[PDB]
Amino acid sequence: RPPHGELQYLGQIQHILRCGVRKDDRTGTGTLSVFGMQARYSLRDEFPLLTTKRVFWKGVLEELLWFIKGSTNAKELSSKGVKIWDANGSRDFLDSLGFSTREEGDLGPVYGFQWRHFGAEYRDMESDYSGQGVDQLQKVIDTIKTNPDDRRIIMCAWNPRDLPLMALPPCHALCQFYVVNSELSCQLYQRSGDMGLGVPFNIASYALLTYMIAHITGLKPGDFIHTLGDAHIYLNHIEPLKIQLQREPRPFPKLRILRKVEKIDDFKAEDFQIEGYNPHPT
């Protein structure tokens, strides 16, 4: 009787179709669009991997793990057979940014470096930043263990000084955690969200991070609150979304963590099994 948590994402899509405004330009790109939306996804016994269309779960878990180790090296992930960042590591592409002296796959100070060493002077993908900058992930885990009530438990990836050094500016600007009755919640502030391709992955990433952090602090998962800045759909995806919005949601799968892990760095693709996941065909 509480509605399926997937109807919120589908509503947001109804909405952009009914009211976005056509920021134009049948000259490649071309979008419908709306500014500011907010969705709440339960994490209690379910795990919100969308079902009306399949999400690249393997690219989810692998990219999250590549952020936790602080990497900013795209080859290092691309070897887990997740390619989503390689176009951004390609020499012609850096070459179009004056990164002419960077080795291919050096993305600059992108999420893993902002999560692990915010503030450090960034040299390049092979340097060692041990002890430099602030480690937001750790500080966040400690504050949860020792002051769950703190209203300051934030993690920021948007670093205006580092921005001209990044091979692309981040979508997720910041996430805030929050703790009550032993449940752990999370709110992601995303500046720009493609309603078709990325938003369902981005929802999985942050839910998963919430599980992993709940696990390691011995709290139980709560709500994941997805807030969006610029939410858009590309005109070319309207047809496929229009069909996609007929499909009745299917029950969200579940996720087990298969061992007791105590440091965040300690996690490995195999500690997780997504069980029950059955989405519509594409």
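Numbers follow the displayed sequence, beginning with 1.
Relative to one another, 186-194 and 110-118 have unequal mean CA B-factors, and 110-118 is the one with the higher figure. The PDB entry reports B-factors from which the mean C-alpha value can be compared for 242-250 and 63-71; the larger average falls on 242-250. Ranking 211, 178, 93, 158 by the C-alpha B-factor listed in the PDB entry places 93 at the top.
Within the selection 168, 174, 82, 207, the deposited Cα B-factor values reach their highest point at 168. Per the PDB record, residue ranking by Cα B-factor puts residue 273 in the highest third of the chain.
The deposited CA B-factor of residue 27 belongs to the highest third of values across its chain. Sort the chain's modelled residues by C-alpha temperature factor and residue 136 lands in the lowest third, per the entry. Ranked against the other modelled residues of its chain, the C-alpha B-factor of residue 99 as given in the entry falls in the highest third.
When the CA B factors of the chain's modelled residues are split into thirds, the value for residue 229 lands in the lowest one.
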